[PDB]
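Asker: Starting off with a structure, shown below.
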Number of protein chains: 4
Amino acid sequence: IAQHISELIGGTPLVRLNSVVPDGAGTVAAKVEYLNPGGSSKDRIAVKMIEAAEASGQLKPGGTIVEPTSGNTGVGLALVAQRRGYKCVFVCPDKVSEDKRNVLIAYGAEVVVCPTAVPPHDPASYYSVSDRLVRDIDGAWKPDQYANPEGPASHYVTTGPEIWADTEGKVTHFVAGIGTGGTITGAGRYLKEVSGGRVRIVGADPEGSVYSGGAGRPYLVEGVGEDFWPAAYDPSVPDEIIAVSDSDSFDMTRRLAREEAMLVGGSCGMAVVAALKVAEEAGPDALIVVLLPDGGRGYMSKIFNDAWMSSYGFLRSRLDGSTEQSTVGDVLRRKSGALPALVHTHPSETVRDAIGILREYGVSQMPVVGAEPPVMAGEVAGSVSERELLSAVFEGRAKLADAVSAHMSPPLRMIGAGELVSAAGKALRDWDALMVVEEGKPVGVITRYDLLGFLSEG
Amino acid sequence: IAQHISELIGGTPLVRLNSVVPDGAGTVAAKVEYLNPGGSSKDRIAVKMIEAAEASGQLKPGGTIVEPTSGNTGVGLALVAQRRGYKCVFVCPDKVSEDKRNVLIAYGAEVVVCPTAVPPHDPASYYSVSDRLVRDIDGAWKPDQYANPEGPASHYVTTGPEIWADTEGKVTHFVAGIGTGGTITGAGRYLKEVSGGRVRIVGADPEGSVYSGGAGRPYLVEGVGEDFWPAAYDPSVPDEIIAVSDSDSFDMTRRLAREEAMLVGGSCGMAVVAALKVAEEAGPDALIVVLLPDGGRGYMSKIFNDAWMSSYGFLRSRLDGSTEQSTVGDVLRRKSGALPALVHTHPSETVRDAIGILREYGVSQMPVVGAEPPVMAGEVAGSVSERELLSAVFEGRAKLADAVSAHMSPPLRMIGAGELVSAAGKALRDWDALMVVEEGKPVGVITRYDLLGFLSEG
Amino acid sequence: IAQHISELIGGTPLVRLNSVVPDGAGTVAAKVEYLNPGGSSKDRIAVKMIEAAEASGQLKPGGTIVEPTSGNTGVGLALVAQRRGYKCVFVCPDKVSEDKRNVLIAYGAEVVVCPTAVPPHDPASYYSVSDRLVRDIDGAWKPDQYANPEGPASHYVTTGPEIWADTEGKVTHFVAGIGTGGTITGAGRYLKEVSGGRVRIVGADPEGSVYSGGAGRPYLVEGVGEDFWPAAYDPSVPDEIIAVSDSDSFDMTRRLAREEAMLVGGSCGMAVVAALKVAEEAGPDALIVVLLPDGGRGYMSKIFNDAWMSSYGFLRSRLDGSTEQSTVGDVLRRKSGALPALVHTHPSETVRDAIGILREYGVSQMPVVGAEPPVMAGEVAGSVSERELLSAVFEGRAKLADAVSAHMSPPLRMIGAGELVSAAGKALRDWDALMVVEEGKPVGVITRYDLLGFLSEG
Amino acid sequence: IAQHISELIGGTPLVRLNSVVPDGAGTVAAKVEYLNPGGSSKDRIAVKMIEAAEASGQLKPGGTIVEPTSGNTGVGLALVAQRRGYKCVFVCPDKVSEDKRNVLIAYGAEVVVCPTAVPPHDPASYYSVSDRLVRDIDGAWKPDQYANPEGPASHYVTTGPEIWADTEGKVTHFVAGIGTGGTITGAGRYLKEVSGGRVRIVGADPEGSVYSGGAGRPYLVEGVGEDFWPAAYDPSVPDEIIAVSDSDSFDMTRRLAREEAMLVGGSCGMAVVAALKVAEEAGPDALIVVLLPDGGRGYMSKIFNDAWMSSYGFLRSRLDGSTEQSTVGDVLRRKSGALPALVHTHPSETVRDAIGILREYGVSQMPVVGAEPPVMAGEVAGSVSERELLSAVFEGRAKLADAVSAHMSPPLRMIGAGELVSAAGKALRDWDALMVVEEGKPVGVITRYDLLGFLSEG
Ligand SMILES: Cc1ncc(COP(=O)(O)O)c(CN[C@@H](CO)C(=O)O)c1O
Ligand SMILES: Cc1ncc(COP(=O)(O)O)c(CN[C@@H](CO)C(=O)O)c1O
Ligand SMILES: Cc1ncc(COP(=O)(O)O)c(CN[C@@H](CO)C(=O)O)c1O
Ligand SMILES: Cc1ncc(COP(=O)(O)O)c(CN[C@@H](CO)C(=O)O)c1O
């Protein structure tokens with residue numbers, strides 16, 4: 001029946017969370033947005049924008065759209081353009097993980113994307129190339145949802161009224177994953193008029209953000225957060241903005257996924273946790289309507305990955321649930337089956353020999369013993385690093401001909417072998433290395449660098 | 001309003017393809033299945049099967065589901081189980097690309113998967129471990145959609161009737177992506193009864209498949225195809241099965257994606273091409289209803305990737321559309337802009353020296369000249385491979401002390417330097433190597449192995 | 001007492017070989033030349049030539065010597081020049097052993113050496129740079145012992161007369177390591193005059209040499225052999241030249257070293273074998289005087305090395321004497337200690353997958369089995385190489401989508417695991433690879449290339 | 001004439017140094033010992049000891065010699081044994097230059113050598129295996145020149161009397177390379193008796209040695225020096241021992257080689273410098289007799305090598321004489337002529353990203369700038385090492401989510417690009433790294449570790 005796929009955007013259903021809402025609180029339903037053809041709630045802002053531009057006249061037939069497509073934007077924008085038969089050229093933060101720009105290309109959109117994080121002030125960055133293309137090409141258009149009233153108008157038309165119709169105006173508080181504006185600005189501006197002041201418009205934003213009255217910071221939840229107040233936003237709409245920490249967002253997303261079957265992204269998790277928190281000041285009998293405008297399936301590379309979420313130092317439970325042993329043993333090899341080798345420098349060898357052996361085996365810490373490595377029973381005397389000798393060879397306090405036995409540092413303390421990594425790092429907090437002994441024999445050396453590399457590798 | 005996310009499965013919309021249907025043919029609409037909460041059309045089978053099992057009694061509350069989850073099954077099955085609060089244990093073909101099992105775990109399903117392609121006949125394979133777990137665990141259940149009448153029952157209940165309601169019974173031919181059966185069987189068995197013989201039930205299956213009366217073969221479109229006739233299928237339902245080639249399937253998928261904004265998987269492309277072909281024997285005024293029960297977003301790793309689709313030797317157009325130059329130059333380096341000294345071997349050096357130099361530079365073909373490499377003007381005389389000498393050192397027809405100048409093979413022919421890779425391979429069809437000359441000087445050597453490696457690397 | 005070190009050249013002693021002379025033959029004494037200050041018998045030519053040049057006038061005080069120093073020439077020539085206080089500039093085969101040019105530099109001789117084996121015909125080669133320097137520098141001199149009568153005159157003065165004095169003219173046959181001439185010419189021209197025709201002047205030269213009436217060939221015994229007859233040689237002096245094979249020369253050198261304590265070079269071994277052979281036609285009571293004008297200590301890198309003498313395919317006994325087990329086991333690893341599983345490709349995987357897996361593990365031959373690698377009991381069916389598929393992918397007789405099970409070559413035969421390498425190669429003469437089974441299981445694959453690499457590595 | 005090669009040991013000539021003696025000092029002649037058949041002065045001790053043992057009775061015919069062979073011992077010992085037809089088994093300190101044990105094997109001596117520097121106190125070391133073999137094998141003998149009066153007896157018989165005969169007792173002072181004592185003890189004990197007190201017996205020993213009344217230390221001149229007073233030495237013989245520094249020994253050896261054509265080892269250089277110094281307290285008209293009992297040709301690997309003598313931090317002139325600056329440019333690559341990227345980590349990327357990028361490119365110091373690397377003009381603001389972040393990630397003073405712009409260390413100072421390495425290290429003495437700018441742009445980073453690695457690699 002539908003004339004085109006684009007005419008299925010909207011009418012997103014509502015679900016009732018049952019495991020993410022502590023007992024005794026009112027119903028907290030969620031509006032999922034990944035059921036739309038574009039896979040993201042943004043395709044709505046897209047269609048409206050395209051309709052408005054076509055009705056305006058500044059975009060003649062046969063023109064070319066151009067703007068920095070963060071990623072999901074190209075989705076809806078290219079969808080609409082292909083529906084009507086337009087072109088799509090995207091110049092955005094190179095960030096776009098390979099998958100993002102691969103998908104954007106798949107929808108028939110030429111990309112000349114340029115690296116981000118570099119303030120151009122000249123044609124030497126992503127916004128630089130974007131502006132250069134805008135100046136160059138004819139019949140183009142810079143939608144720039146950041147500053148476009150039609151953006152929020154879209155939501156004011158068919159983003160909040162749908163919520164009212166589904167809930168029949170029986171919604172106490174509407175939280176939203178604040179961003180450029182739209183969703184929040186439009187949803188609040190609509191829900192407030194039809195209910196006077198009966199509804200509170202909450203706003204979720206990662207801590208340390210401008211919307212929360214803080215300072216700048218890097219971002220890990222794509223789409224949310226910003227540093228310069230976009231002209232398409234007005235705080236007068238929201239009642240009070242509630243901040244949320246990143247560490248409590250990804251964990252919330254994983255929880256929600258395992259307990260309510262919502263493979264949503266990160267912004268959805270942030271909104272969910274925010275809403276949850278809001279659900280306390282309002283007593284029971286209240287209906288909280290949260291929004292999850294990101295279906296997380298391309299996010300499965302990192303957010304649900306056990307490594308990427310471990311590099312940033314927050315993973316409160318492994319995906320499989322059950323915590324597992326991660327003995328330093330495998331951590332000590334990461335390639336060897338039994339063990340790599342207890343590299344040692346007998347205390348009679350020359351300092352140059354020790355420095356060379358360290359430079360050849362790629363280590364920055366090594367014990368020095370008298371007898372052979374294997375037979376050693378933990379009586380090692382010397383403990384030579386790599387930075388100390390390098391700082392002593394030039395400081396005149398040593399000479400290559402000198403024997404290492406007169407410059408060895410105090411023997412670095414040893415720790416367990418089968419112990420969990422967690423304790424290993426906890427102990428590493430007070431020392432820059434340690435000697436792992438295998439059942440009672442010095443078997444290897446562990447340094448913070450290696451532990452971090454192992455934990456981040458996967 | 002919805003009690004749970006699972007209660008949004010069904011009611012998939014219909015779209016009208018406008019660029020994949022040659023003019024003059026009747027309307028060929030498609031039913032997309034990736035708008036469901038599970039992201040795949042299989043979740044409907046999941047819900048029906050779970051309902052039937054619960055109503056039966058063989059799955060008591062607090063039990064545990066267990067079966068080989070191809071990948072998307074893990075989606076719907078775990079969705080339903082989490083809705084009702086069950087467990088999920090999957091033992092399937094290790095195939096499941098990292099993303100597949102990562103997503104399955106994300107939905108809270110313990111996986112003890114096992115490698116596939118190995119006929120166990122004992123506890124040594126994926127089905128082996130599946131059967132062992134089935135025998136071991138209590139309160140379990142082996143759904144095995146392959147043999148479950150309730151599977152096709154679901155399609156017969158709420159998979160075809162929806163099509164009839166949307167089209168009001170005005171559907172000439174219904175093509176489907178025949179798989180373990182389901183849709184192909186349920187949809188036909190329903191549509192036929194309400195329309196007598198007014199509707200033809202077409203079936204799409206990759207060539208060289210049992211459903212098409214052929215021989216076994218590997219698979220590249222997950223879900224489709226099979227070798228042993230599943231007990232849950234009956235060919236008496238379909239009117240006539242139409243086969244399709246793999247090479248014309250992925251290309252069709254990419255085409256459909258770029259021309260109708262349908263980021264569907266591969267099986268969808270196969271079904272689309274099938275119907276497309278069927279749309280000829282039936283004249284205009286006919287209404288065709290194709291099915292695309294796979295939303296391709298996790299497929300973006302390979303199907304829309306420019307490399308994976310190139311390793312299998314079929315890519316009729318690069319994703320960006322415009323064909324690009326891929327001269328042997330970069331192909332000759334893969335790691336450099338200049339050029340590693342065209343590994344040479346003066347015809348006076350000993351054969352042992354040449355074999356050693358080849359073994360050290362990792363090459364299997366090298367020209368031998370008199371003067372220095374750079375100044376050479378294409379008068380190279382010798383052309384020594386690596387297999388010939390190895391076959392001559394042991395065949396008594398040569399000795400290490402011998403000079404290479406008495407065993408060099410005829411000088412291998414040279415080709416262009418800036419020429420496209422396509423011509424390079426076309427010419428390589430008649431020789432096992434060639435000497436690429438850079439503007440008029442022998443610069444490198446190209447062998448089929450290196451060309452394939454370059455084309456498959458990306 | 002000696003005014004300078006150079007005045008100790010000459011008066012080399014004579015020794016009696018007792019283990020290199022089969023019983024029943026006459027005494028065969030040897031004149032060692034490595035007891036001179038220069039370490040080589042050539043220094044005598046150096047001193048004579050320098051004396052002649054100084055007495056002539058074409059080399060004024062403060063001049064500069066220049067000529068291509070094969071290696072030991074740099075010894076005596078620089079010795080004399082430093083004695084009198086001259087300079088030394090050497091342009092010769094760059095392939096002059098590293099140790100060789102290091103030693104030459106140590107004696108205070110600037111080297112601008114150039115690569116050899118390249119016929120310059122222009123300023124692009126070792127002789128090219130030598131001639132350019134000769135033309136450029138003033139007060140220079142090109143000794144070029146190749147064409148200098150004073151060279152042989154040196155021997156005629158104080159190289160043969162010493163032999164006569166030591167033996168009192170009681171020498172039947174004098175063999176010598178014929179080279180640029182010198183000893184072979186001077187010694188004979190002197191010994192013949194004082195004994196009429198009582199002494200036969202034998203000449204030793206590696207087979208396939210111009211001096212032996214043969215064809216050109218590469219050289220492995222530095223100093224001996226040549227292709228163009230030097231103008232400083234006259235065959236009318238020698239009685240009859242006897243050729244010798246290289247394979248019987250190095251072995252003779254090692255034998256002599258172990259049985260007579262003569263750490264001499266290779267030319268010495270060739271001369272020794274020559275005389276040894278000559279000692280048969282002449283009955284007992286004859287006194288043979290061989291010459292060993294090369295003390296082999298810098299030759300200990302290769303000649304006495306167990307690897308370099310193995311790369312050229314002749315080593316009739318290991319240095320330690322006792323033959324040792326090699327076993328393909330270690331030959332199968334060459335790294336770590338245990339065999340890395342076994343590259344396997346199940347016969348259901350796609351051909352592209354097999355080619356990629358071969359390209360990633362760096363192998364050119366692999367068996368294909370049904371079950372897992374370890375449990376396999378030698379029932380492997382497929383045997384796919386790397387050249388066959390590459391020749392079949394382009395020959396139209398296969399396609400990447402095709403299954404490897406329809407193109408596998410006949411399963412390559414297996415051999416023993418603990419067997420000696422000797423038998424391994426002997427069997428490899430009839431096949432290009434084999435499957436090494438470890439106690440009854442296919443453990444690895446062995447190819448001629450790997451065996452040669454192992455034997456040449458050491 | 002000679003019955004065997006061993007009967008040429010002795011009668012070493014004397015030479016007059018002309019460039020290593022200061023004008024105005026008396027003649028300082030040297031006795032070279034590398035003209036003997038064994039190549040070392042030790043062979044004389046070998047012959048004497050073998051004669052004594054044979055005449056004693058504790059070594060019956062058909063026995064087996066066994067003792068720890070340093071490097072030249074096996075030479076003479078095996079020479080004598082092969083002359084008489086004995087066996088040779090050597091268990092000595094490991095490290096023995098590969099060449100050393102290769103040569104020892106060449107003379108037909110089985111070696112079961114064991115690692116050194118490990119105090120066994122059990123069969124776990126070189127002396128351990130030596131003692132075990134001595135206990136095990138029958139008909140053996142432990143010569144142990146360390147404690148054998150016949151050792152010094154040899155020198156007393158035919159090591160000093162030869163000096164007296166050559167100089168006719170006209171020798172003022174005899175310096176010697178004191179080692180186990182044998183040489184010096186015998187020479188002094190003989191020369192003193194025939195001249196009363198007319199001759200001073202000087203002794204040369206590297207500084208920081210027991211013979212010089214100092215403390216223990218590693219050794220770099222093989223043969224000289226010792227820690228425990230050998231029982232075969234008596235200081236009552238020498239008049240006064242003069243010490244010498246290692247740094248002034250190798251340089252003296254190289255000087256002597258270039259200026260007097262004496263390719264002697266290191267101990268010879270030490271003795272020469274000793275005598276040289278002694279030649280001052282004694283006025284002109286004095287005749288000094290130095291000893292060089294080591295012909296350095298196997299030492300050409302390191303002593304005359306430009307790298308090994310550079311690793312130990314003393315090389316006062318390159319072998320070729322002319323100094324040639326080694327600009328940091330090549331030092332900054334060691335892989336090519338162009339620096340391969342420096343850093344693009346702008347002060348906005350996350351700390352985890354920076355640590356990962358450092359861990360991937362193998363660096364411990366990197367600048368952080370705003371714009372692109374190339375266009376940068378030296379306005380870099382951040383300077384992040386690798387140890388600081390690792391010490392801040394665990395110290396609670398930072399978190400992975402934090403931005404690096406709040407933890408960057410003060411920007412490390414820059415230095416020149418074409419400047420000589422010497423100045424580079426001199427400046428590095430005050431900092432642990434620097435930023436090398438290429439003509440005015442930051443091109444790379446230099447750290448002490450890299451400089452040392454470059455200087456030691458060669
Ligand atoms: C999950 C998620 N939630 C919300 C937003 C922004 O919408 P808002 O400003 O109404 O919050 C985004 C941004 N994504 C949009 C930008 O608005 C895009 O064009 O791709 C998002 O990815
Ligand atoms: C695109 C597509 N179309 C159809 C099917 C199978 O459904 P059918 O047997 O009714 O054809 C699959 C298999 N996918 C299902 C198996 O039925 C799964 O559990 O993941 C599929 O991926
Ligand atoms: C062992 C041996 N025997 C002989 C010769 C040449 O001397 P001849 O020409 O008198 O035979 C050489 C060459 N070595 C000389 C070249 O004459 C050199 O300058 O190094 C040699 O190495
Ligand atoms: C240059 C030099 N000078 C002297 C000695 C020892 O002799 P001495 O103890 O008489 O001094 C050595 C040791 N070299 C002997 C050990 O005596 C060896 O067997 O190799 C030496 O290398």
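Just remember, in the structure tokens the first chain shown is A, the second B, etc., residues are 1-based per chain, and ligands are 1-based in the order shown.
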What is the Cα root-mean-square deviation, to one decimal place in Å, for chain D superposed on chain A with all Cα atoms matched in order?
Answerer: 0.3 Å
Asker: Enumerate as an MDAnalysis selection string the residues belonging to chain D that approach chain C to within 8 Å, with only C-alpha atoms taken into account.
Answerer: chainID D and resid 1:5 8 13:17 35:37 79 82:83 99 102:103 105:110 166:167 254 257:261 263 297:298 300:301 304:305 319:320
Asker: Might you pull out every residue within 9 Å of residue C:210, with only C-alpha atoms counted and same-chain residues fewer than 6 positions away left off, and present them as an MDAnalysis selection string?
Answerer: chainID C and resid 216 225:229
Asker: Using only C-alpha atoms and all ligand atoms, find each protein or nucleic acid residue lying at most 6 Å from ligand 3; present the set as a list in words.
Answerer: residues 42, 70, 71, 72, 73, 177, 178, 179, 180, 181, 182, 183, 184, 223, 267, 293 and 294 of chain C
Asker: Can you write out the residues you just picked, keeping N, CA and C atoms, as a PDB file, in the first residue's frame?
Answerer:
ATOM      1  N   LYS C  42     101.615 -13.903   0.052  1.00  0.00           N
ATOM      2  CA  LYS C  42     101.663 -12.838  -0.931  1.00  0.00           C
ATOM      3  C   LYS C  42     102.540 -11.677  -0.490  1.00  0.00           C
ATOM      4  N   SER C  70      92.497  -7.938  -3.724  1.00  0.00           N
ATOM      5  CA  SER C  70      91.589  -9.064  -3.561  1.00  0.00           C
ATOM      6  C   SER C  70      91.249  -9.259  -2.094  1.00  0.00           C
ATOM      7  N   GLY C  71      92.223  -8.971  -1.226  1.00  0.00           N
ATOM      8  CA  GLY C  71      92.034  -9.176   0.224  1.00  0.00           C
ATOM      9  C   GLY C  71      93.371  -9.254   0.943  1.00  0.00           C
ATOM     10  N   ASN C  72      94.108 -10.356   0.758  1.00  0.00           N
ATOM     11  CA  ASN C  72      95.431 -10.524   1.419  1.00  0.00           C
ATOM     12  C   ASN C  72      96.458  -9.604   0.748  1.00  0.00           C
ATOM     13  N   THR C  73      96.166  -9.112  -0.460  1.00  0.00           N
ATOM     14  CA  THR C  73      97.079  -8.135  -1.105  1.00  0.00           C
ATOM     15  C   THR C  73      97.078  -6.920  -0.203  1.00  0.00           C
ATOM     16  N   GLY C 177      99.860 -24.106  -5.588  1.00  0.00           N
ATOM     17  CA  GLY C 177      98.520 -23.613  -5.809  1.00  0.00           C
ATOM     18  C   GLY C 177      98.486 -22.535  -6.872  1.00  0.00           C
ATOM     19  N   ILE C 178      98.557 -22.968  -8.136  1.00  0.00           N
ATOM     20  CA  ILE C 178      98.592 -22.009  -9.280  1.00  0.00           C
ATOM     21  C   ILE C 178      97.517 -20.939  -9.100  1.00  0.00           C
ATOM     22  N   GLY C 179      97.899 -19.673  -9.265  1.00  0.00           N
ATOM     23  CA  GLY C 179      96.954 -18.578  -9.171  1.00  0.00           C
ATOM     24  C   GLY C 179      97.187 -17.555 -10.259  1.00  0.00           C
ATOM     25  N   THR C 180      97.526 -16.327  -9.860  1.00  0.00           N
ATOM     26  CA  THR C 180      97.895 -15.311 -10.879  1.00  0.00           C
ATOM     27  C   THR C 180      99.256 -15.707 -11.462  1.00  0.00           C
ATOM     28  N   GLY C 181      99.838 -16.807 -10.969  1.00  0.00           N
ATOM     29  CA  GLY C 181     101.150 -17.277 -11.456  1.00  0.00           C
ATOM     30  C   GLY C 181     102.179 -17.314 -10.340  1.00  0.00           C
ATOM     31  N   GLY C 182     103.018 -16.278 -10.240  1.00  0.00           N
ATOM     32  CA  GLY C 182     104.020 -16.185  -9.158  1.00  0.00           C
ATOM     33  C   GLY C 182     104.654 -17.519  -8.805  1.00  0.00           C
ATOM     34  N   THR C 183     104.418 -18.021  -7.592  1.00  0.00           N
ATOM     35  CA  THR C 183     105.059 -19.285  -7.141  1.00  0.00           C
ATOM     36  C   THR C 183     105.078 -20.298  -8.292  1.00  0.00           C
ATOM     37  N   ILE C 184     103.913 -20.607  -8.864  1.00  0.00           N
ATOM     38  CA  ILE C 184     103.833 -21.644  -9.935  1.00  0.00           C
ATOM     39  C   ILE C 184     104.877 -21.352 -11.017  1.00  0.00           C
ATOM     40  N   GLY C 223      91.442 -16.645  -4.703  1.00  0.00           N
ATOM     41  CA  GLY C 223      92.815 -16.546  -5.152  1.00  0.00           C
ATOM     42  C   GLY C 223      93.143 -17.472  -6.303  1.00  0.00           C
ATOM     43  N   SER C 267      92.832 -22.917  -0.719  1.00  0.00           N
ATOM     44  CA  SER C 267      93.842 -23.140  -1.742  1.00  0.00           C
ATOM     45  C   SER C 267      94.896 -24.114  -1.246  1.00  0.00           C
ATOM     46  N   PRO C 293     100.127 -21.449   0.756  1.00  0.00           N
ATOM     47  CA  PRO C 293     100.289 -20.006   0.952  1.00  0.00           C
ATOM     48  C   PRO C 293      99.025 -19.325   1.435  1.00  0.00           C
ATOM     49  N   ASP C 294      98.355 -19.896   2.427  1.00  0.00           N
ATOM     50  CA  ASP C 294      97.176 -19.247   2.988  1.00  0.00           C
ATOM     51  C   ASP C 294      96.931 -19.827   4.370  1.00  0.00           C
TER      52      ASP C 294
END
Asker: With only C-alpha atoms as the counted atoms, please give the residues lying no more than 12 Å from residue C:417, apart from itself and same-chain residues fewer than 2 positions off, as a ChimeraX atom specification.
Answerer: /C:326-332,339,414-415,419-421,423-424,434-446
Asker: Find the residues near stretch 388-390 of chain B: any atom within 9 Å, counting only C-alpha atoms, skip ones fewer than 6 places away on the same chain, and give them as an MDAnalysis selection string.
Answerer: (chainID B and resid 351 355 398 407:409) or (chainID C and resid 432 448:449 452)
Asker: Among stretch 111-173 of chain D, which ones does DSSP assign to strand (DSSP E or B) (computed from the backbone)? Answer as a list in words.
Answerer: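 Going through stretch 111-173 of chain D, the strand (DSSP E or B) residues come out as residues 111, 140, 141 and 173 of chain D.
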Asker: Write out as JSON, numbers by chain the residues lying within 12 Å of residue B:357, counting only C-alpha atoms and excluding same-chain residues fewer than 6 positions away.
Answerer: {"B": [343, 344, 345, 346, 349, 350, 351, 363, 364, 365, 366, 384, 385, 386], "C": [453, 456]}
Asker: From the DSSP assignment of the backbone, select every residue of stretch 95-341 of chain B that is alpha helix (DSSP H), and format the answer as JSON, numbers by chain.
Answerer: {"B": [98, 99, 100, 101, 102, 103, 104, 105, 106, 126, 127, 128, 129, 130, 131, 132, 133, 134, 135, 136, 150, 151, 152, 153, 154, 155, 156, 157, 158, 161, 162, 163, 164, 165, 166, 167, 183, 184, 185, 186, 187, 188, 189, 190, 191, 192, 193, 194, 195, 247, 248, 249, 250, 251, 252, 253, 254, 255, 256, 257, 258, 259, 260, 266, 267, 268, 269, 270, 271, 272, 273, 274, 275, 276, 277, 278, 279, 280, 281, 308, 309, 310, 311, 328, 329, 330, 331, 332, 333]}
Asker: Point out the residue among B:230, B:115, B:206, B:11 with the least atom-to-atom distance to ligand 2, counting only C-alpha atoms and all ligand atoms.
Answerer: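 Once distances to ligand 2 are computed over only C-alpha atoms and all ligand atoms, the minimum belongs to B:230.
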Asker: Using only C-alpha atoms, determine which residues lie at most 9 Å from stretch 48-64 of chain A, disregarding the query and same-chain residues fewer than 2 positions distant; provide the list as a list in words.
Answerer: residues 43, 44, 45, 46, 66, 77, 80, 81, 85, 86, 87, 88, 89, 137, 138, 139, 140, 141, 143, 145, 148, 150, 151, 153, 154 and 155 of chain A
Asker: Would you work out the distance separating atom CA of residue B:147 from atom CA of residue B:232, expressed in Å to one decimal?
Answerer: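 Between these atoms lies a distance of 4.9 Å.
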Asker: Calculated over only C-alpha atoms, which of the candidates B:410, B:214, B:370, B:68 has the smallest distance to residue C:124?
Answerer: B:370
